[PDB]
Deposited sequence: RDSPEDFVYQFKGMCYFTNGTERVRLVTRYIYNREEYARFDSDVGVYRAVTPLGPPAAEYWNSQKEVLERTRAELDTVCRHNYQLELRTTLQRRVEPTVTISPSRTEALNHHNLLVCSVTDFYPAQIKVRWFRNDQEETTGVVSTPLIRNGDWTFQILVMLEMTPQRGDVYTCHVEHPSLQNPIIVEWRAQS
């Protein structure tokens, strides 16, 4: 079939809390951004030759230009204060298992900050450690899989140390032959 798509993306970029906030609204036709308001730029700007008509019309109207600049406060800064009350306090502790070629599965944790260290006896393993990228589960939880590419000797103890903002103490799980 023949389809035509339009997208509008009001994006807010936060750095160092609310010290550095930036608003970028995006007007997209199919997969092409043709116009855009960036709060750093201050006015609408065409991105492709498809957007000079919209950008010049929106900039000429004083009431449109003020309501878009005020969105940095009414939308970006205002909603962030509600994020600090809910989303930014979410703390889901990770479940950590080890299973056979040895994988330290770290599942169902949030936020995204994570740190996985493999230990061979008393020596932290720093070479043969293949870590998959952070896997977003889409239900406000993450998981990650970290492999240790050596299990040569019997009598050696292999431990996995996981650090997360939800844990006051790291999680340690051990495996033996």
Where the model has no C-alpha, note the corresponding stretch of the deposited sequence, numbering from 1. 1-3, 104-113, 191-192
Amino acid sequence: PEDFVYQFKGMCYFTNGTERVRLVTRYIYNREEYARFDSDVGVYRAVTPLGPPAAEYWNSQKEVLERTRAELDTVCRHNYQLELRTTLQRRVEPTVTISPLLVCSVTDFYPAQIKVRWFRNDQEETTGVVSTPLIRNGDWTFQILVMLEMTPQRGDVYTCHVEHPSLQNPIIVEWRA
From here on, numbers count along this sequence of modelled residues.
If we scan the other compared entries, does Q153 go without coordinates in at least a third? yes
Could you tell me whether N59 lacks coordinates in at least a third of the other compared entries whose models cover its neighbours on both sides? no
Which is higher on average in the deposited entry, the C-alpha temperature factors of 119-127 or of 48-56? 119-127
Comparing 131-139 with 106-114, the higher average Cα temperature factor in the PDB entry belongs to 131-139
Relative to the other modelled residues in the chain, which third contains the C-alpha temperature factor of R31: lowest, middle or highest? highest
How does the C-alpha B factor of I171 compare with the rest of the chain: lowest, middle or highest third? middle
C160 - which third its CA temperature factor falls in, relative to the rest of the chain: middle
Where does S99 sit by CA temperature factor within its chain: lowest, middle or highest third? highest
Taking the entry's C-alpha B-factors for this chain, is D73 in the lowest, middle or highest third? middle
